[PDB]
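**Student:** Take this sequence and fold it.
(chains A and B)
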Amino acid sequence: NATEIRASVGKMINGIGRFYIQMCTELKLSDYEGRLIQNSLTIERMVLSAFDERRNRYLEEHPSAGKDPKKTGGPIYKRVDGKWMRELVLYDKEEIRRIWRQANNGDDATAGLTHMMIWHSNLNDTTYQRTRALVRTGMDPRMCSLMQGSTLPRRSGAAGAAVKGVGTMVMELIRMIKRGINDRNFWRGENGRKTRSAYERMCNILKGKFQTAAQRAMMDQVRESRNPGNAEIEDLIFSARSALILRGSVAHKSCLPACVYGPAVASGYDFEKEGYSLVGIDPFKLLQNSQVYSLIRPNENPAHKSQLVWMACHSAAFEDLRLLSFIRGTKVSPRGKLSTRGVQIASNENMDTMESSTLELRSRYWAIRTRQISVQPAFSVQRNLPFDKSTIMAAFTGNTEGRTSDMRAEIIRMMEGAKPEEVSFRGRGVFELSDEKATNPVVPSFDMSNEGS
RNA sequence: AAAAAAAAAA
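**Tutor:** Numbering: from 1, shown residues only, chains lettered A, B, ... in the order given. Next up is the structure itself:
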């Protein structure tokens, strides 16, 4: 029921805004800096730690320059006498749940935290790429594709599971495979249920992302295997090479910083009355008139970091830059061209040379966020052009084989052409901001001079 | 109803 959904999302974002207002008011940040991105990431880490597990004191090799469970603080940067300064005394965590249950006066907002994580997810994904798994596990050159989705560091992401993308899901199989390559020998006993069941369900869902029943049954046949090994790994690798053209149903969730909902509940926003539309115009009209600023480091382009936060809010990193560009009204360039580093501020970075800058998060046109259209008609027909050469040498890849079975005939038939599906299809539904009812769409005209990625 | 377990980020 979409009605209760928009009701509940209005409620949760209203609760977020209220908790926003209060959480600020304690430490008393002035509202210009109270609607600012650094306090945005502070409250974000607070809601990151808000609902934890049992009490744990266990510590592992390589301490983290320290740790304390009594209370928790965050990077604090305040413009004092016109000059910013970072400071810290820590703040209790129980108190946090006490204030959060007051904000969600009687029923807490779990999906609210999921949506905050959604904010975090496009933030981190668009930010950059780390490769510590690369220094740990062996990995195929899938990165070479230059196109890969990524998950956040949040366990038990049942909701995340829906939005989730495919490539990193196979990677997650590989992560369990790493736990199993460093398998503690002393692990014989009841243990195995959670593992077998988890493998079952994750394999299920990774299969369920796409459509064609062939790879569905292939993924089931990898499932029924009792002892996952490198043969399963290479089978998943083919399946990934295919997923390149037979893309997965990777949905995109749009979320903004909480310093926007805060002044939006301060903007007399009766969210529930209109509801909210995470897939809808609502983030855009909220951002169209919002006011968010960010500590631009030295040698950084306000516009580049502006587009970075724009993508963090639109969940648009794994989308065609041409479309984004046509939607914002100014060229959306590859992250590499962004004269900017991460929005966060490493605790070592000096504040002496730090400066703030206004975020430009507006968009010329608006557009909806899908993952079905048979063939998007281009005025001069588009093809989703068939570049299948790296897949030629991929089907070669040392001439060993594809998935070895009837699948091999299925792949030596998929070789040529079937026109049965699409790939990386994020529906535009582009409209003028002056056309809220989305009465007339705008056939986009993209500049081919823009790196597709 | 009844559902898994470790470490900071350019």
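**Student:** Residues of chain A that sit close to RNA strand B?
**Tutor:** Taking CB under 7 Å from any atom of the strand as the criterion, the neighbours of RNA strand B within chain A are A:53, A:56, A:58, A:60, A:64-67, A:124, A:127-130, A:132, A:153, A:155-156, A:158, A:191, A:194, A:197-198, A:341-342, A:344, A:346. (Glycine included, C-beta is placed from N, CA and C.)
**Student:** So which of these are in helices?
**Tutor:** Among the residues of chain A next to RNA strand B, DSSP state H puts A:124, A:127, A:132, A:194, A:197, A:198 in helices.
**Student:** Are any of those buried, and if so which?
**Tutor:** Buried by 16 or more other CB atoms under 10 Å: A:124, A:127, out of those.
**Student:** now the ones in helices among the residues of chain A next to RNA strand B in TSV, with distance to residue A:231?
**Tutor:** As requested, these are arranged in TSV below (distance: CB to CB, whole Å):
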residue	distance to residue A:231
A:124	33
A:127	35
A:132	26
A:194	24
A:197	22
A:198	20
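**Student:** List just the nearest of the ones in helices among the residues of chain A next to RNA strand B to RNA strand B.
**Tutor:** Checking those against RNA strand B by CB to the nearest atom of the strand gives residue A:194 as the nearest, at 3.6 Å.
**Student:** what sits against that closest one?
**Tutor:** Neighbouring residues of residue A:194 by CB atoms under 8 Å, 6 or more residues apart in numbering: there are none.
**Student:** any idea how far residue A:179 is from it?
**Tutor:** Separation of residue A:194 from residue A:179 (CB to CB, to the nearest Å) stands at 12 Å.
**Student:** For the helix ranked longest in chain A, what is the distance to the chain centroid?
**Tutor:** As assigned by DSSP H, the longest helix anywhere in chain A is helix A:2-27. Per CA atoms, centre = their mean, to the nearest Å, the displacement of helix A:2-27 from the mean C-alpha position of its chain is 21 Å.
**Student:** Now it: buried residues?
**Tutor:** For helix A:2-27, by 16+ other CB under 10 Å, it's A:6-21, A:23-24, A:27.
**Student:** ok, the residue of the stretch 351-453 of chain A found nearest RNA strand B to residue A:85 distance?
**Tutor:** Going by CB to the nearest atom of the strand, RNA strand B is nearest to residue A:354 of the stretch 351-453 of chain A, at 13.7 Å. Per CB to CB, residue A:354 is found 10 Å from residue A:85.
**Student:** Now the common contact residues for the two.
**Tutor:** Both residue A:354 and residue A:85 are contacted by residue A:77, under the criterion CB under 8 Å, 6+ apart.
**Student:** okay, the two: which has more neighbours?
**Tutor:** Neighbour comparison, residue A:354 and residue A:85: the larger count goes to residue A:354, with 18 against 13 (by other CB atoms under 10 Å).
**Student:** dump the residue contacts of the more buried one.
**Tutor:** Going by CB under 8 Å, 6+ apart, residue A:354 touches A:77, A:84, A:295, A:297, A:298, A:345.
**Student:** Leaving out chain neighbours, which residue sits closest to residue A:170?
**Tutor:** residue A:236 (4.7 Å; CB to CB, 6 or more residues apart in numbering).
**Student:** wait, isn't the one you found in contact with residue A:222?
**Tutor:** Yes. Proximity of residue A:236 to residue A:222 meets the contact threshold set by CB atoms under 8 Å, at 7.1 Å.
**Student:** give the contact list for residue A:308.
**Tutor:** Contacts for residue A:308 (CB under 8 Å, 6+ apart) come out as A:126, A:127, A:335, A:338, A:340, A:343.
**Student:** residues near the nearest residue to residue A:114 once chain neighbours are set aside, how many?
**Tutor:** Spatial nearest neighbour of residue A:114, chain neighbours left out: residue A:159 (4.7 Å); criterion: CB to CB, 6+ apart. Residue A:159 is flanked by 17 other residues according to other CB under 10 Å.
**Student:** Return the distance of residue A:159 relative to residue A:118.
**Tutor:** The gap separating residue A:159 from residue A:118 is 9 Å, by CB to CB.
**Student:** Quick check: residue A:348 vs residue A:294, distance?
**Tutor:** For residue A:348, the distance to residue A:294 - CB to CB - is 19 Å.
**Student:** whoops, I mixed them up, residue A:88
**Tutor:** Taking CB to CB as the measure, residue A:88 and residue A:294 are separated by 20 Å.
**Student:** who's more crowded, the two?
**Tutor:** A side-by-side neighbour count of residue A:88 and residue A:294, using other CB under 10 Å, places residue A:294 first with 24 against 10.
**Student:** wait, is the more buried one part of a helix?
**Tutor:** No. Using DSSP: H, G, I helix; E, B strand; the rest coil, the assignment for residue A:294 is strand, not a helix.
**Student:** my guess is it contacts residue A:360, does it?
**Tutor:** No. Contact between residue A:294 and residue A:360 fails when scored by CB under 8 Å: they sit 10.4 Å apart.
**Student:** Can you tell me how far the residue nearest to residue A:170 is from residue A:144?
**Tutor:** From residue A:236 to residue A:144 the distance is 17 Å (CB to CB).
**Student:** Now do the same contact list for the residue nearest the centre of chain A.
**Tutor:** In chain A, the centroid-proximal residue (CA atoms, centre = their mean) is residue A:121; its distance is 3.2 Å. Contacts for residue A:121 (CB under 8 Å, 6+ apart) come out as A:151, A:152, A:160, A:253, A:255, A:315.
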